[PDB]
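Numbers 1 to 994, taken from the authors' numbering, label the letters of the sequence shown in order.
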Amino acid sequence: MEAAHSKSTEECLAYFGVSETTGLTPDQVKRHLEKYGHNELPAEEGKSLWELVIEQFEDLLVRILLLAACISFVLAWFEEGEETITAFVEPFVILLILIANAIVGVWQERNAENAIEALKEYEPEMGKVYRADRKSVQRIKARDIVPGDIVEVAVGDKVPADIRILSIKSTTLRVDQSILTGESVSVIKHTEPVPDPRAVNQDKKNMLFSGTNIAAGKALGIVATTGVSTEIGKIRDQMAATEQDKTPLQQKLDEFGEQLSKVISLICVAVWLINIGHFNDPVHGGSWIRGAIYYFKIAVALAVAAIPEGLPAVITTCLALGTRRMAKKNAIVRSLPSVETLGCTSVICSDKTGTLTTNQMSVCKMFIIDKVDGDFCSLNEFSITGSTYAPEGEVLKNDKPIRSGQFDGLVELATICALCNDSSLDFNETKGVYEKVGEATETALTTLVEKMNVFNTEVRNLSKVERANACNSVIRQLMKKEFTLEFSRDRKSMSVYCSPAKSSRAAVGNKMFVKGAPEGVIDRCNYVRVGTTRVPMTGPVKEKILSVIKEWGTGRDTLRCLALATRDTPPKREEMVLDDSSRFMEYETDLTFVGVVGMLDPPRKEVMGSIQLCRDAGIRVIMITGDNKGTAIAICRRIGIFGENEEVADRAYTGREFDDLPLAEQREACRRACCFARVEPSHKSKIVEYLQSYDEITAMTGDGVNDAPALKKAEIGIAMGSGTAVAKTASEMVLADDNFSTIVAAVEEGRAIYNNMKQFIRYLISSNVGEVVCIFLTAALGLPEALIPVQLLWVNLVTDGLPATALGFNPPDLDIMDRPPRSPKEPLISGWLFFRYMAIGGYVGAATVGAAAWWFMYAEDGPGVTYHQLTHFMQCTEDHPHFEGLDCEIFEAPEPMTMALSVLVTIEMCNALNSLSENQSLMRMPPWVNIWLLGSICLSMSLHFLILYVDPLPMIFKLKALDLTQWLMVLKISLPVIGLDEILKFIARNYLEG
Ligand code: NA
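Here you go:
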């Protein structure tokens with residue numbers, strides 16, 4: 001029964017055919033259970049370990065590598081010899097990388113928690129029902145509860161289902177609905193029907209929502225809905241129906257995956273079409289087995305040379321490090337891929353209270369009526385200092401300190417603020433400052449009465465803790481509080497019924513003290529107080545009151561106003577039903593206007609600044625607030641969101657206004673809006689949709705289960721440190737301090753990190769290019785293999801991975817926040833950059849072959865066979881050129897490989913320096929700009945020497961220590977790469993910058 005709140009208790013009983021005194025029968029229980037299912041959100045998918053392990057082998061590149069391991073394995077099997085301790089190393093090494101890769105992938109999932117599963121924390125194990133098969137209440141499992149069940153709840157219980165309250169057993173009933181409505185103070189519940197069938201949760205004063213807690217009282221009710229049909233269940237469905245796209249880099253990297261796959265295969269064909277000469281060969285003679293071993297040997301190295309095997313580890317390391325760095329700045333990021341997205345944030349939607357403001361309330365102004373005489377009128381306006389809850393400050397009329405007590409209007413004003421109030425103070429001796437107890441707005445009133453001291457009570461003598469609630473306690477003793485009529489949004493006020501304290505045998509003197517939003521409160525005033533006297537409310541004096549209120553709310557003061565009034569002749573106590581909240585406005589009429597207080601929730605000190613940063617960075621800012629429209633706007637002007645005097649007609653909306661607009665116009669409104677006031681339950685989420693229809697990267701703040709859907713939808717959901725665990729688990733980021741400025745800082749960190757990622761990504765991929773050239777050249781020049789897979793894999797994971805990581809510490813550009821958001825469509829490598837890395841690739845691939853060849857020719861240790869061209873034969877079945885001497889296995893000498901590999905290693909260390917800046921010369925941005933990079937290079941070289949000397953390793957990699965001559969050559973052929981890029985950067989700075 002979805003509409004239970006708008007039905008009478010009798011209609012809900014009738015609908016389900018259930019007896020309030022016996023409850024459902026065992027047949028009803030069965031049937032109901034068959035129709036509605038059990039009371040519980042559905043289980044998460046049964047993602048098994050075996051399935052999880054399988055998923056680690058889905059990516060195109062890991063398939064290639066697996067394939068290449070199989071070929072490597074078959075080759076290290078279908079090969080003759082006795083050296084097995086240096087044969088199966090390769091295929092094993094490739095497999096071990098894939099195992100570690102899959103291991104990590106699995107470790108990630110075991111540690112990942114989804115928000116949908118966090119929802120289940122709010123479903124209690126047990127609940128209490130009345131069923132016809134028993135007399136006394138039975139405590140059954142909450143999943144066994146069904147619509148129609150008569151249920152019982154009491155203080156401390158977690159509501160097991162969405163329930164229509166039938167009967168309140170205790171005096172009142174109080175609920176903690178913080179998790180669903182953001183009302184953090186316990187709300188009072190009733191049993192009368194709520195007329196509007198489209199009432200938002202906050203106004204269903206007769207409902208208990210599954211997952212909430214009874215704060216006080218005992219109640220009996222009937223279950224309206226269970227499972228996915230409850231308020232939180234609908235929230236679960238929205239979240240589950242939300243599909244989350246891959247981050248821009250994830251998408252672009254997946255595109256590179258396909259493309260590189262397609263590239264790898266083409267190069268294999270290219271190596272085929274180059275040997276189509278073998279078709280014109282005698283069928284007899286030559287080795288076919290060895291001919292195929294030749295292709296599969298290069299296909300393996302080719303795949304291995306082309307994959308940036310260490311890239312995923314480098315990225316992760318970088319992101320993890322950045323994350324620790326962001327946490328130091330109060331930004332707790334939860335998902336590593338979010339760090340990139342955060343940098344692209346084009347829109348931030350922020351709640352005002354507690355994020356843009358401090359949520360530390362303070363009364364700054366107040367006024368009473370001074371006199372009314374015909375068309376003439378004067379108010380007494382005052383000021384109050386002190387912006388803490390501490391009772392330290394003073395009242396001032398025209399800056400001159402006055403004494404509240406000398407004004408009677410003020411005695412009463414204070415009596416309302418003190419009596420018509422459910423909050424207090426407390427001096428916390430631990431922190432040594434005054435803290436609130438209750439609501440912000442109410443404690444500010446408590447604070448205000450203490451500064452006012454309307455009865456000049458001896459207060460300075462009292463201790464620190466006793467000082468807290470002294471002037472209040474005084475006012476309390478003056479009036480007995482008989483009862484209170486709670487605040488409702490329909491009337492936007494509250495009242496308290498009070499009788500004189502010293503009273504033996506009397507029935508006259510009773511008062512109601514009314515506090516609330518000025519418009520409705522003032523409309524119900526027929527009288528205006530003037531000291532102790534009273535006069536009729538008149539058209540002119542009304543405008544006077546309203547104009548001041550308007551000025552205070554809509555001006556640079558940005559104050560939240562509250563009207564205070566009293567009912568002099570309140571209805572007789574017996575004539576009032578304290579149960580029908582719909583009668584409260586009626587009991588609050590024929591009032592006397594006493595005064596107005598204006599309070600402030602101050603902007604955080606950093607917000608002004610942070611908002612300006614965004615304007616520089618081309619990031620739009622939208623405030624979502626509970627202020628009315630005028631004040632919403634005024635606060636927006638105040639903080640920088642709006643220009644002080646600029647037009648805003650079409651950039652500010654209330655929920656009402658926004659709902660009235662047709663779908664097209666709502667979408668339109670969202671492109672230009674910077675202020676949403678009084679926003680509905682569904683709005684954040686619809687606002688996010690529209691924003692995404694313009695391809696905005698959207699940040700959205702929230703803190704309750706009811707924000708969870710929007711948090712999940714937006715690309716950067718942002719939760720408050722002080723918020724619910726569910727909102728956190730639904731968000732890309734948590735604000736340790738709740739401060740809007742933390743967001744802007746974390747965006748800046750994201751830009752800085754992405755710029756560096758581009759660098760080490762381009763560095764690594766460019767490294768693969770040269771590796772591929774080296775393999776290809778060797779093949780299409782019939783040379784001895786210059787580099788082998790085990791060597792490549794070492795370079796791609798260790799030798800280059802260190803500098804790649806060090807590149808993540810590249811200093812950030814000063815102009816980072818002075819450029820618009822990066823477009824998600826922006827390609828990683830494109831145009832000039834393709835050429836650069838193509839040329840760089842060329843040179844690296846040539847240098848490595850040439851390093852081997854030079855040893856094979858113009859060097860001593862190896863044959864002085866210049867232009868002999870090892871091209872010709874690699875079979876040795878004719879034995880022509882080297883006539884005298886029985887040697888033919890010098891082709892596999894470890895010296896040439898060691899020349900090539902040391903060239904690669906040395907070049908890439910050099911190219912790591914060329915990677916300090918995309919376009920700036922090493923003349924302008926020197927190597928030492930990044931000490932981590934310098935350190936990294938020393939480490940990688942020490943590691944190269946490690947594999948060169950430490951016995952097991954030089955055999956495994958197939959290497960031999962180099963002569964100072966040979967090393968001195970390695971340098972000669974490596975250092976020029978620096979000159980090459982310097983030239984190319986020069987061409988970019990001077991002949992492209994237009
Ligand atoms: Na999200």
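Yeah, the Cβ is synthetic: ideal placement off N, Cα and C, and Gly gets one too.
Counted within 10 angstroms of its Cβ, other Cβ atoms place residue i as buried (16 or more) or exposed
{"i": "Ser338", "result": "buried"}
{"i": "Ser178", "result": "buried"}
{"i": "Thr965", "result": "exposed"}
{"i": "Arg139", "result": "exposed"}
{"i": "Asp800", "result": "buried"}
{"i": "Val465", "result": "exposed"}
{"i": "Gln759", "result": "buried"}
{"i": "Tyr130", "result": "buried"}
{"i": "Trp794", "result": "buried"}
{"i": "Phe945", "result": "exposed"}
{"i": "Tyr949", "result": "exposed"}
{"i": "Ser722", "result": "exposed"}
{"i": "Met608", "result": "exposed"}
{"i": "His872", "result": "exposed"}
{"i": "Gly704", "result": "buried"}
{"i": "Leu302", "result": "buried"}
Minimum C-alpha distance to residue i - residue among the options
{"i": "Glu715", "options": "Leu98, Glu689, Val705, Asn706", "result": "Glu689"}
{"i": "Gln244", "options": "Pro709, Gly841, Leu60, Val607", "result": "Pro709"}
{"i": "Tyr754", "options": "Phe642, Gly148, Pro248", "result": "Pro248"}
{"i": "residue 1023", "options": "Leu356, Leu379, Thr355, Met326", "result": "Residue 1023 cannot be examined here, being either before or after the span of the chain that is shown, 1 to 994."}
{"i": "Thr877", "options": "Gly285, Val726, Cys471, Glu892", "result": "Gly285"}
{"i": "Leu98", "options": "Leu980, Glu58, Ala76", "result": "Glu58"}
{"i": "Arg671", "options": "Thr172, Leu943, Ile687, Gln202", "result": "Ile687"}
{"i": "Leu802", "options": "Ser940, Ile775, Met576, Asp951", "result": "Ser940"}
{"i": "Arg989", "options": "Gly935, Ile978, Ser921, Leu953", "result": "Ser921"}
{"i": "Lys492", "options": "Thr554, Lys515, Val508, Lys511", "result": "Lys515"}
{"i": "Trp50", "options": "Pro26, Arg110, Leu65", "result": "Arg110"}
{"i": "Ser383", "options": "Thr898, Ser741, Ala752, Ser404", "result": "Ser404"}
{"i": "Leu65", "options": "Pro312, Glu644, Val304", "result": "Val304"}
{"i": "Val496", "options": "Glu543, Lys511, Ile937, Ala673", "result": "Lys511"}
Residue(s) in a DSSP beta bridge with residue i
{"i": "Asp351", "result": "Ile624"}
{"i": "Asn380", "result": "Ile368"}
{"i": "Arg534", "result": "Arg529"}
{"i": "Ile150", "result": "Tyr130, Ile222"}
{"i": "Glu258", "result": "None; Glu258 has no bridge partner."}
{"i": "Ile214", "result": "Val175"}
{"i": "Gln56", "result": "None, per the DSSP bridge assignment."}
{"i": "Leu562", "result": "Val597"}
Straight-line gap, residue i to residue j (C-alpha atoms, nearest Å)
{"i": "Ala961", "j": "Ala853", "result": "17 Å"}
{"i": "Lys451", "j": "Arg505", "result": "35 Å"}
{"i": "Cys417", "j": "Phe367", "result": "13 Å"}
{"i": "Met909", "j": "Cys70", "result": "32 Å"}
{"i": "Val541", "j": "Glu442", "result": "28 Å"}
{"i": "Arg762", "j": "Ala804", "result": "10 Å"}
{"i": "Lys128", "j": "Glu152", "result": "5 Å"}
{"i": "residue 1051", "j": "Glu44", "result": "Residue 1051 lies beyond the stretch modelled for the chain, which goes from 1 to 994, so this question has no answer here."}
{"i": "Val300", "j": "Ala68", "result": "5 Å"}
{"i": "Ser610", "j": "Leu777", "result": "55 Å"}
{"i": "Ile978", "j": "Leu904", "result": "13 Å"}
{"i": "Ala806", "j": "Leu934", "result": "9 Å"}
{"i": "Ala677", "j": "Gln202", "result": "17 Å"}
Would you be able to state if there are at least three C-beta pairs under 8 Å between the segment 1-19 and the segment 218-226?
Contact between the segment 218-226 and the segment 1-19 is present, because at least three Cβ pairs lie under 8 Å.
Contact between the segment 347-354 and the segment 829-847: three or more CB pairs below 8 Å?
Fewer than three Cβ pairs drawn from the segment 347-354 and the segment 829-847 lie within less than 8 Å of each other, which leaves the two stretches out of contact.
Taking contact to mean at least 3 C-beta pairs separated by less than 8 Å, is the segment 697-708 in contact with the segment 235-242?
The segment 697-708 and the segment 235-242 touch, with no fewer than 3 CB-CB distances between them shorter than 8 Å.
Are the segment 513-524 and the segment 550-570 in contact at 8 Å, needing three or more beta carbon pairs?
The segment 513-524 makes contact with the segment 550-570, as at least three CB pairs between them are under 8 Å.
Is the segment 430-437 close to the segment 476-485, with three or more CB pairs under 8 Å?
No, they do not touch.
Is there contact between the segment 536-551 and the segment 371-382, where contact requires at least three CB pairs shorter than 8 Å?
Flag = yes, the segment 536-551 and the segment 371-382 touch.
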